[PDB]
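One file, final-v9.cif, carrying mmCIF, C-alpha atoms:
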data_protein
loop_
_atom_site.group_PDB
_atom_site.id
_atom_site.type_symbol
_atom_site.label_atom_id
_atom_site.label_comp_id
_atom_site.auth_asym_id
_atom_site.auth_seq_id
_atom_site.Cartn_x
_atom_site.Cartn_y
_atom_site.Cartn_z
ATOM 1 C CA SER A 311 -34.722 31.657 27.419
ATOM 2 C CA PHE A 312 -38.123 33.468 27.266
ATOM 3 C CA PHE A 313 -40.461 33.545 24.198
ATOM 4 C CA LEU A 314 -43.549 35.730 23.456
ATOM 5 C CA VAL A 315 -46.657 33.579 22.914
ATOM 6 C CA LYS A 316 -50.421 34.137 22.884
ATOM 7 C CA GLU A 317 -53.134 31.980 24.467
ATOM 8 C CA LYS A 318 -56.845 31.723 23.641
ATOM 9 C CA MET A 319 -59.534 30.900 26.216
ATOM 10 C CA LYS A 320 -62.662 28.792 25.635
ATOM 11 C CA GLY A 321 -65.872 30.783 25.309
ATOM 12 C CA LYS A 322 -64.368 33.789 23.559
ATOM 13 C CA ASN A 323 -61.834 34.489 20.815
ATOM 14 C CA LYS A 324 -59.099 37.020 21.536
ATOM 15 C CA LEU A 325 -55.293 36.995 21.553
ATOM 16 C CA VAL A 326 -53.744 38.086 24.875
ATOM 17 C CA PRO A 327 -49.986 38.449 25.956
ATOM 18 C CA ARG A 328 -48.471 35.483 27.916
ATOM 19 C CA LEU A 329 -44.990 34.484 29.269
ATOM 20 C CA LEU A 330 -43.489 30.993 28.602
ATOM 21 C CA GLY A 331 -40.473 29.658 30.582
ATOM 22 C CA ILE A 332 -38.529 26.709 29.052
ATOM 23 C CA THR A 333 -35.756 24.729 30.871
ATOM 24 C CA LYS A 334 -33.575 21.616 30.156
ATOM 25 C CA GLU A 335 -35.866 19.372 32.363
ATOM 26 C CA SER A 336 -39.494 20.693 31.984
ATOM 27 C CA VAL A 337 -41.739 23.326 30.274
ATOM 28 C CA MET A 338 -43.984 25.771 32.262
ATOM 29 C CA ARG A 339 -46.365 28.734 31.622
ATOM 30 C CA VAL A 340 -46.114 31.990 33.690
ATOM 31 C CA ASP A 341 -48.882 34.668 33.991
ATOM 32 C CA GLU A 342 -47.865 38.246 32.926
ATOM 33 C CA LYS A 343 -50.155 39.922 35.580
ATOM 34 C CA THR A 344 -49.656 37.710 38.727
ATOM 35 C CA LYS A 345 -46.075 36.486 37.789
ATOM 36 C CA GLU A 346 -46.846 32.871 38.938
ATOM 37 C CA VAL A 347 -46.897 29.341 37.378
ATOM 38 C CA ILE A 348 -50.360 27.907 36.430
ATOM 39 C CA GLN A 349 -49.560 24.505 34.772
ATOM 40 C CA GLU A 350 -46.381 22.618 33.662
ATOM 41 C CA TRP A 351 -45.412 19.590 31.476
ATOM 42 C CA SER A 352 -42.371 17.220 31.436
ATOM 43 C CA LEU A 353 -39.798 17.293 28.559
ATOM 44 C CA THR A 354 -39.806 13.439 28.117
ATOM 45 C CA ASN A 355 -43.693 13.267 27.927
ATOM 46 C CA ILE A 356 -43.800 15.228 24.564
ATOM 47 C CA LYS A 357 -44.521 13.022 21.522
ATOM 48 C CA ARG A 358 -44.962 15.238 18.454
ATOM 49 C CA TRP A 359 -45.157 18.929 17.549
ATOM 50 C CA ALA A 360 -46.267 21.038 14.584
ATOM 51 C CA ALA A 361 -44.078 23.962 13.534
ATOM 52 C CA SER A 362 -46.291 26.527 11.806
ATOM 53 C CA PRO A 363 -45.344 30.140 10.837
ATOM 54 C CA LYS A 364 -47.886 31.516 13.328
ATOM 55 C CA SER A 365 -49.279 28.598 15.358
ATOM 56 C CA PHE A 366 -47.588 25.773 17.285
ATOM 57 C CA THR A 367 -49.442 22.549 18.106
ATOM 58 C CA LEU A 368 -48.023 20.630 21.078
ATOM 59 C CA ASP A 369 -48.916 16.973 21.623
ATOM 60 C CA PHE A 370 -48.454 15.266 25.010
ATOM 61 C CA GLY A 371 -48.582 11.524 25.862
ATOM 62 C CA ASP A 372 -49.867 10.484 29.336
ATOM 63 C CA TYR A 373 -50.028 13.942 31.040
ATOM 64 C CA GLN A 374 -52.447 16.359 29.322
ATOM 65 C CA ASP A 375 -56.010 15.345 28.437
ATOM 66 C CA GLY A 376 -56.854 18.505 26.508
ATOM 67 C CA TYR A 377 -54.920 20.364 23.818
ATOM 68 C CA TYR A 378 -52.239 23.063 23.965
ATOM 69 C CA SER A 379 -51.745 25.325 20.941
ATOM 70 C CA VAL A 380 -50.265 28.827 21.233
ATOM 71 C CA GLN A 381 -49.158 31.524 18.785
ATOM 72 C CA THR A 382 -45.367 31.785 18.384
ATOM 73 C CA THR A 383 -43.248 34.225 16.287
ATOM 74 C CA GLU A 384 -40.180 31.858 16.195
ATOM 75 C CA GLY A 385 -41.693 28.344 15.747
ATOM 76 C CA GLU A 386 -38.603 26.955 13.897
ATOM 77 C CA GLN A 387 -36.241 27.992 16.789
ATOM 78 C CA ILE A 388 -38.434 26.308 19.510
ATOM 79 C CA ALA A 389 -38.731 22.999 17.505
ATOM 80 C CA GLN A 390 -34.895 22.779 17.028
ATOM 81 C CA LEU A 391 -34.275 23.507 20.788
ATOM 82 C CA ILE A 392 -36.541 20.601 21.997
ATOM 83 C CA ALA A 393 -34.984 18.092 19.485
ATOM 84 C CA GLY A 394 -31.415 18.927 20.667
ATOM 85 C CA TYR A 395 -32.260 18.441 24.409
ATOM 86 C CA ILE A 396 -33.622 14.887 23.691
ATOM 87 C CA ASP A 397 -30.368 13.995 21.772
ATOM 88 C CA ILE A 398 -28.178 14.927 24.844
ATOM 89 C CA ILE A 399 -30.276 12.704 27.244
ATOM 90 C CA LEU A 400 -30.075 9.615 24.901
ATOM 91 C CA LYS A 401 -26.211 9.864 24.779
ATOM 92 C CA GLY B 1649 -82.517 37.660 15.421
ATOM 93 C CA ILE B 1650 -83.431 40.975 17.003
ATOM 94 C CA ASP B 1651 -82.512 44.480 15.845
ATOM 95 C CA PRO B 1652 -81.519 46.535 18.896
ATOM 96 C CA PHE B 1653 -79.755 49.061 16.693
ATOM 97 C CA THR B 1654 -81.562 50.567 13.690
ATOM 98 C CA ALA B 1655 -80.713 48.796 10.433
ATOM 99 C CA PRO B 1656 -81.090 45.724 8.212
ATOM 100 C CA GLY B 1657 -78.322 43.225 8.821
ATOM 101 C CA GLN B 1658 -78.651 43.315 12.607
ATOM 102 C CA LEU B 1659 -81.121 40.465 12.119
ATOM 103 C CA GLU B 1660 -78.989 38.514 9.631
ATOM 104 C CA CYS B 1661 -75.855 38.758 11.749
ATOM 105 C CA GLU B 1662 -77.503 37.485 14.931
ATOM 106 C CA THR B 1663 -79.272 34.663 13.103
ATOM 107 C CA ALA B 1664 -75.967 33.653 11.529
ATOM 108 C CA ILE B 1665 -74.254 34.020 14.910
ATOM 109 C CA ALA B 1666 -76.563 31.281 16.199
ATOM 110 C CA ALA B 1667 -75.503 28.984 13.364
ATOM 111 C CA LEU B 1668 -71.839 29.896 13.496
ATOM 112 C CA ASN B 1669 -71.852 29.449 17.276
ATOM 113 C CA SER B 1670 -73.172 25.949 16.712
ATOM 114 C CA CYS B 1671 -70.293 25.066 14.360
ATOM 115 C CA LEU B 1672 -67.809 26.598 16.799
ATOM 116 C CA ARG B 1673 -68.973 24.227 19.511
ATOM 117 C CA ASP B 1674 -68.784 21.301 17.082
ATOM 118 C CA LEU B 1675 -65.207 22.205 16.067
ATOM 119 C CA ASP B 1676 -64.357 22.875 19.724
ATOM 120 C CA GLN B 1677 -65.330 19.366 20.793
ATOM 121 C CA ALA B 1678 -63.924 17.917 17.569
ATOM 122 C CA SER B 1679 -60.479 19.087 18.663
ATOM 123 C CA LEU B 1680 -60.509 16.463 21.407
ATOM 124 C CA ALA B 1681 -62.803 14.117 19.475
ATOM 125 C CA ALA B 1682 -60.463 13.534 16.517
ATOM 126 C CA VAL B 1683 -57.486 12.814 18.790
ATOM 127 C CA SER B 1684 -59.371 10.200 20.818
ATOM 128 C CA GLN B 1685 -60.403 8.248 17.689
ATOM 129 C CA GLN B 1686 -64.034 9.204 18.343
ATOM 130 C CA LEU B 1687 -64.499 10.815 14.935
ATOM 131 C CA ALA B 1688 -65.669 9.188 11.684
ATOM 132 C CA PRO B 1689 -63.492 9.645 8.539
ATOM 133 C CA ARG B 1690 -64.807 12.823 6.816
ATOM 134 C CA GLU B 1691 -68.433 13.323 5.774
ATOM 135 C CA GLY B 1692 -68.252 12.556 2.060
ATOM 136 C CA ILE B 1693 -65.034 13.566 0.319
ATOM 137 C CA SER B 1694 -61.534 12.332 -0.605
ATOM 138 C CA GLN B 1695 -58.153 13.540 0.692
ATOM 139 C CA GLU B 1696 -56.971 15.794 -2.143
ATOM 140 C CA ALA B 1697 -60.529 17.009 -2.619
ATOM 141 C CA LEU B 1698 -60.306 18.366 0.932
ATOM 142 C CA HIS B 1699 -57.450 20.587 -0.217
ATOM 143 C CA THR B 1700 -59.694 21.525 -3.145
ATOM 144 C CA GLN B 1701 -62.899 22.212 -1.179
ATOM 145 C CA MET B 1702 -61.282 24.028 1.727
ATOM 146 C CA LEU B 1703 -58.859 26.182 -0.279
ATOM 147 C CA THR B 1704 -61.534 27.184 -2.806
ATOM 148 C CA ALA B 1705 -63.825 28.274 0.034
ATOM 149 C CA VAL B 1706 -61.107 30.134 1.965
ATOM 150 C CA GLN B 1707 -60.126 32.209 -1.073
ATOM 151 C CA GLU B 1708 -63.722 33.256 -1.714
ATOM 152 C CA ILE B 1709 -64.122 33.986 1.983
ATOM 153 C CA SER B 1710 -61.142 36.360 1.974
ATOM 154 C CA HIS B 1711 -62.539 37.730 -1.279
ATOM 155 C CA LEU B 1712 -65.700 38.810 0.546
ATOM 156 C CA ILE B 1713 -63.999 39.687 3.862
ATOM 157 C CA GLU B 1714 -62.673 42.994 2.524
ATOM 158 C CA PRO B 1715 -66.049 44.147 1.012
ATOM 159 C CA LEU B 1716 -67.722 42.967 4.224
ATOM 160 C CA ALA B 1717 -65.396 45.105 6.345
ATOM 161 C CA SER B 1718 -66.378 48.078 4.193
ATOM 162 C CA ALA B 1719 -70.013 47.034 4.500
ATOM 163 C CA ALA B 1720 -70.048 46.419 8.237
ATOM 164 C CA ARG B 1721 -68.937 49.975 8.942
ATOM 165 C CA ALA B 1722 -71.297 51.655 6.457
ATOM 166 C CA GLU B 1723 -72.951 49.508 3.751
ATOM 167 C CA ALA B 1724 -75.945 48.349 5.792
ATOM 168 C CA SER B 1725 -78.009 46.995 2.902
ATOM 169 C CA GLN B 1726 -74.917 45.395 1.393
ATOM 170 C CA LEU B 1727 -73.521 43.998 4.624
ATOM 171 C CA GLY B 1728 -76.256 41.391 4.859
ATOM 172 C CA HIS B 1729 -75.268 40.178 1.398
ATOM 173 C CA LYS B 1730 -71.644 39.793 2.494
ATOM 174 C CA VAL B 1731 -72.683 37.959 5.660
ATOM 175 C CA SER B 1732 -74.756 35.479 3.645
ATOM 176 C CA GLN B 1733 -71.657 34.672 1.606
ATOM 177 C CA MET B 1734 -69.201 34.446 4.495
ATOM 178 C CA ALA B 1735 -71.315 32.138 6.640
ATOM 179 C CA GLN B 1736 -72.088 29.681 3.858
ATOM 180 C CA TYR B 1737 -68.427 29.016 2.970
ATOM 181 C CA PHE B 1738 -67.575 28.257 6.589
ATOM 182 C CA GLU B 1739 -70.024 25.353 6.692
ATOM 183 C CA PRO B 1740 -68.110 23.123 4.168
ATOM 184 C CA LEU B 1741 -64.883 24.344 5.758
ATOM 185 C CA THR B 1742 -66.052 22.932 9.062
ATOM 186 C CA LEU B 1743 -67.188 19.678 7.399
ATOM 187 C CA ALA B 1744 -64.012 19.450 5.327
ATOM 188 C CA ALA B 1745 -61.787 20.236 8.320
ATOM 189 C CA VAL B 1746 -63.529 17.639 10.478
ATOM 190 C CA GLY B 1747 -63.088 15.323 7.526
ATOM 191 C CA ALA B 1748 -59.355 15.987 7.311
ATOM 192 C CA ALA B 1749 -59.194 15.602 11.092
ATOM 193 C CA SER B 1750 -60.365 12.029 11.190
ATOM 194 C CA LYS B 1751 -59.185 11.100 7.700
ATOM 195 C CA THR B 1752 -55.645 12.492 7.625
ATOM 196 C CA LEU B 1753 -53.027 10.795 9.811
ATOM 197 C CA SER B 1754 -49.773 11.122 7.863
ATOM 198 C CA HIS B 1755 -48.161 14.269 9.275
ATOM 199 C CA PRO B 1756 -48.622 16.266 12.554
ATOM 200 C CA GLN B 1757 -50.289 18.952 10.411
ATOM 201 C CA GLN B 1758 -53.530 17.010 10.960
ATOM 202 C CA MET B 1759 -54.212 18.750 14.280
ATOM 203 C CA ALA B 1760 -52.533 21.958 13.114
ATOM 204 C CA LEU B 1761 -54.966 22.699 10.275
ATOM 205 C CA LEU B 1762 -57.838 21.663 12.550
ATOM 206 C CA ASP B 1763 -56.917 24.505 14.912
ATOM 207 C CA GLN B 1764 -56.227 26.949 12.069
ATOM 208 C CA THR B 1765 -59.847 26.415 10.986
ATOM 209 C CA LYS B 1766 -61.193 26.352 14.557
ATOM 210 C CA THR B 1767 -59.729 29.753 15.448
ATOM 211 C CA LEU B 1768 -60.647 30.908 11.936
ATOM 212 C CA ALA B 1769 -64.347 30.351 12.577
ATOM 213 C CA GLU B 1770 -63.824 32.001 15.967
ATOM 214 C CA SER B 1771 -62.448 35.090 14.229
ATOM 215 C CA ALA B 1772 -65.540 35.008 12.013
ATOM 216 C CA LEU B 1773 -67.713 34.904 15.134
ATOM 217 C CA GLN B 1774 -66.067 38.024 16.561
ATOM 218 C CA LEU B 1775 -66.454 39.456 13.065
ATOM 219 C CA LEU B 1776 -70.264 39.133 13.009
ATOM 220 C CA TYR B 1777 -70.153 40.509 16.570
ATOM 221 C CA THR B 1778 -68.632 43.875 15.694
ATOM 222 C CA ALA B 1779 -70.576 44.021 12.430
ATOM 223 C CA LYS B 1780 -73.804 43.598 14.404
ATOM 224 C CA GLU B 1781 -72.953 46.658 16.480
ATOM 225 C CA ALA B 1782 -71.560 48.938 13.791
ATOM 226 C CA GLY B 1783 -73.746 47.636 10.975
ATOM 227 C CA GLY B 1784 -74.688 50.663 8.924
ATOM 228 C CA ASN B 1785 -74.333 52.878 11.972
ATOM 229 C CA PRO B 1786 -70.932 54.413 12.836
ATOM 230 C CA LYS B 1787 -72.562 56.442 15.636
ATOM 231 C CA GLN B 1788 -73.549 53.858 18.275
ATOM 232 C CA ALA B 1789 -70.381 52.011 17.349
ATOM 233 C CA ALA B 1790 -67.652 54.592 17.969
ATOM 234 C CA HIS B 1791 -65.329 52.078 19.631
ATOM 235 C CA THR B 1792 -66.793 49.294 17.522
ATOM 236 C CA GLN B 1793 -65.147 51.082 14.591
ATOM 237 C CA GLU B 1794 -61.801 50.071 16.109
ATOM 238 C CA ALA B 1795 -63.036 46.622 17.199
ATOM 239 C CA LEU B 1796 -64.074 45.808 13.622
ATOM 240 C CA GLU B 1797 -60.470 46.403 12.561
ATOM 241 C CA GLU B 1798 -59.351 43.900 15.193
ATOM 242 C CA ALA B 1799 -61.782 41.259 13.928
ATOM 243 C CA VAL B 1800 -60.825 41.631 10.256
ATOM 244 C CA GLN B 1801 -57.082 41.445 10.984
ATOM 245 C CA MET B 1802 -57.713 38.427 13.216
ATOM 246 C CA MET B 1803 -59.419 36.580 10.353
ATOM 247 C CA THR B 1804 -56.682 37.121 7.749
ATOM 248 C CA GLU B 1805 -54.152 35.978 10.356
ATOM 249 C CA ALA B 1806 -55.629 32.468 10.317
ATOM 250 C CA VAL B 1807 -56.408 32.593 6.577
ATOM 251 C CA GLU B 1808 -52.787 32.988 5.444
ATOM 252 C CA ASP B 1809 -51.694 30.435 8.046
ATOM 253 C CA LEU B 1810 -54.229 27.864 6.812
ATOM 254 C CA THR B 1811 -53.210 28.188 3.149
ATOM 255 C CA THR B 1812 -49.654 27.257 4.168
ATOM 256 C CA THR B 1813 -50.878 23.849 5.351
ATOM 257 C CA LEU B 1814 -53.234 23.365 2.390
ATOM 258 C CA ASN B 1815 -50.576 23.763 -0.283
ATOM 259 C CA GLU B 1816 -48.106 21.516 1.496
ATOM 260 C CA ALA B 1817 -50.941 19.059 2.199
ATOM 261 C CA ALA B 1818 -50.701 18.114 -1.477
ATOM 262 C CA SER B 1819 -47.776 15.900 -0.476
ATOM 263 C CA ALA B 1820 -48.103 16.456 3.286
ATOM 264 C CA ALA B 1821 -51.558 14.878 3.410
ATOM 265 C CA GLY B 1822 -51.830 13.199 0.031
#

Could you quickly redo this structure as structure tokens?
Amino acid sequence: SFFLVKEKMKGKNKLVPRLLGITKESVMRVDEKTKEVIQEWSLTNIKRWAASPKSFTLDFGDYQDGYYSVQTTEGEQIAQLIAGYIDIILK
Amino acid sequence: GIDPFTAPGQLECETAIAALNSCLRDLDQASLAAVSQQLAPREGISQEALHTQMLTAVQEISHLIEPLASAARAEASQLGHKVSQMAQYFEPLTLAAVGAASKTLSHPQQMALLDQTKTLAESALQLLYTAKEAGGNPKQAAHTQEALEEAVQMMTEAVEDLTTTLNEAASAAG
């Protein structure tokens, strides 16, 4: 399942197209121009998340030092997908 | 504060850019400061008053954003007046947002509104950028005419998104 998100870079302020690949074990970001993976995070390391109409704040435990917040069109669908995957692992 | 173009406002925009840039850096480092418990609880305001202060400012910002857009492309002598207004409201917004950052800890919206204000001031930075170019002069700003439309639509994008958190923050932060 692929979702259209936008990422902002430090120094400037502009929204640019980006590809995000989500799986049942881990989350990873793919570049639209080079078609390669830059950085990835584990599914069990996520603590909390904010589901906003335009933005989406992702909070990580002992993995990411900085912050990761991208612009999503379907924030309610992504939040429900992550919650369901955690329920299957606990059972 | 130099005028490389040919109008009043070029000065005001660049001088404000210096100030706004300073609050961008503060909010940029406050994003990682508030999460590491390295931030002091607000500056001098309560929790519901944050919703008051911030929302009241945001509305009046948007209020002036439209007349500023009109001014930036043509109203040179008026543009400076709009800029004065826009920049001043963002100061308490920064303070209030940094306040809410360290002070609020009930819902995950704490770091959400902090980013909605961070990218909001960033959109205001790009705003004074295009306005500096086009200010009162559509000629040496042919493409800037289109860039100004990208800066105004970028601002309202974070404005409507911030208000969503403010109104819920009544019970979501209170």

- Message: For a quick test of understanding: name the residues of chain A lying within 12 Å of chain B when counting all atoms listed in the file, and present them as number ranges by chain.
- Response: A: 317-325, 357-371, 374-381

Residues of the last selection are to be written out with C-alpha atoms, as a CSV table (one decimal), keeping the file's coordinate frame.
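part_11.csv written:
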chain,number,residue,atom,x,y,z
A,317,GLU,CA,-53.1,32.0,24.5
A,318,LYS,CA,-56.8,31.7,23.6
A,319,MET,CA,-59.5,30.9,26.2
A,320,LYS,CA,-62.7,28.8,25.6
A,321,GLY,CA,-65.9,30.8,25.3
A,322,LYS,CA,-64.4,33.8,23.6
A,323,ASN,CA,-61.8,34.5,20.8
A,324,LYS,CA,-59.1,37.0,21.5
A,325,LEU,CA,-55.3,37.0,21.6
A,357,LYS,CA,-44.5,13.0,21.5
A,358,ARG,CA,-45.0,15.2,18.5
A,359,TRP,CA,-45.2,18.9,17.5
A,360,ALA,CA,-46.3,21.0,14.6
A,361,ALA,CA,-44.1,24.0,13.5
A,362,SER,CA,-46.3,26.5,11.8
A,363,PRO,CA,-45.3,30.1,10.8
A,364,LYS,CA,-47.9,31.5,13.3
A,365,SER,CA,-49.3,28.6,15.4
A,366,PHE,CA,-47.6,25.8,17.3
A,367,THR,CA,-49.4,22.5,18.1
A,368,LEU,CA,-48.0,20.6,21.1
A,369,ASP,CA,-48.9,17.0,21.6
A,370,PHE,CA,-48.5,15.3,25.0
A,371,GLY,CA,-48.6,11.5,25.9
A,374,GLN,CA,-52.4,16.4,29.3
A,375,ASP,CA,-56.0,15.3,28.4
A,376,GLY,CA,-56.9,18.5,26.5
A,377,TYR,CA,-54.9,20.4,23.8
A,378,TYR,CA,-52.2,23.1,24.0
A,379,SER,CA,-51.7,25.3,20.9
A,380,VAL,CA,-50.3,28.8,21.2
A,381,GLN,CA,-49.2,31.5,18.8

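Among the candidates B:1671, B:1820, B:1789, B:1731, the one nearest to residue 1716 of chain B when counting only C-alpha atoms is B:1731.
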
- Query: Taking the file as shown, what set of residues would the PyMOL selection byres ((chain A and resi 339) around 7) give back, as a PyMOL selection string?
  - Reply: chain A and resi 329-331+338+340-341+347-350

- How far is it from atom CA of residue 1658 of chain B to atom CA of residue 1730 of chain B, in Å with one decimal?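 It comes out at 12.8 Å.
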
- Interatomic distance between atom CA of residue 1727 of chain B and atom CA of residue 1715 of chain B?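 Taking atom CA of residue 1727 of chain B and atom CA of residue 1715 of chain B, their separation equals 8.3 Å.
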
Which protein, DNA or RNA residues have an atom at most 9 Å from (-81.1, 42.6, 4.2), counting all atoms listed in the file? List them as a compact mmCIF listing (two decimals) with C-alpha atoms, in the coordinates of the input.
# COMPACT_ATOMS: atom_id res chain seq x y z
CA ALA B 1655 -80.71 48.80 10.43
CA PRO B 1656 -81.09 45.72 8.21
CA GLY B 1657 -78.32 43.22 8.82
CA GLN B 1658 -78.65 43.32 12.61
CA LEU B 1659 -81.12 40.47 12.12
CA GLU B 1660 -78.99 38.51 9.63
CA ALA B 1724 -75.94 48.35 5.79
CA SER B 1725 -78.01 47.00 2.90
CA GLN B 1726 -74.92 45.40 1.39
CA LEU B 1727 -73.52 44.00 4.62
CA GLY B 1728 -76.26 41.39 4.86
CA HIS B 1729 -75.27 40.18 1.40

- Query: To one decimal place, how far is atom CA of residue 393 of chain A from atom CA of residue 311 of chain A in Å?
  - Reply: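 According to the coordinates, atom CA of residue 393 of chain A and atom CA of residue 311 of chain A are separated by 15.7 Å.
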
- Take the PyMOL selection byres ((chain B and resi 1735-1742) around 7), apply it to the structure above, and return the hits as an NGL selection string. :B and (1664 or 1702 or 1705 or 1709 or 1731-1734 or 1743-1746)

Give me a file of those residues, with C-alpha atoms, as a compact mmCIF listing (two decimals), keeping the file's coordinate frame.
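Result saved to again-v3.txt:
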# COMPACT_ATOMS: atom_id res chain seq x y z
CA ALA B 1664 -75.97 33.65 11.53
CA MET B 1702 -61.28 24.03 1.73
CA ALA B 1705 -63.82 28.27 0.03
CA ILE B 1709 -64.12 33.99 1.98
CA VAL B 1731 -72.68 37.96 5.66
CA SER B 1732 -74.76 35.48 3.64
CA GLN B 1733 -71.66 34.67 1.61
CA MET B 1734 -69.20 34.45 4.50
CA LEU B 1743 -67.19 19.68 7.40
CA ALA B 1744 -64.01 19.45 5.33
CA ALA B 1745 -61.79 20.24 8.32
CA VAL B 1746 -63.53 17.64 10.48

- For a cut-off of 7 Å around (-70.1, 47.8, 7.6), file coordinates, pick out all residues using all atoms listed in the file and list them as a ChimeraX atom specification. /B:1716-1724,1727,1779,1782-1784

Around segment 338-355 of chain A, fit a box with edges along x, y and z, padding it by 3 Å on each side, then list its centre and edge lengths in Å to one decimal as lines of an AutoDock Vina configuration file.
center_x = -45.1
center_y = 26.6
center_z = 33.4
size_x = 16.6
size_y = 32.7
size_z = 17.0

- Message: What would the selection look like, as a VMD selection string, if the PyMOL selection byres ((chain B and resi 1697) around 12) were run on the coordinates I just shared?
- Response: chain B and resid 1690 1692 to 1696 1698 to 1704 1740 to 1741 1744 to 1745 1747 to 1748 1751 1814 1817 to 1818 1821 to 1822

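Proximity ranking of A:387, A:399, A:352, A:373 relative to residue 333 of chain A places A:352 first, based on only C-alpha atoms.
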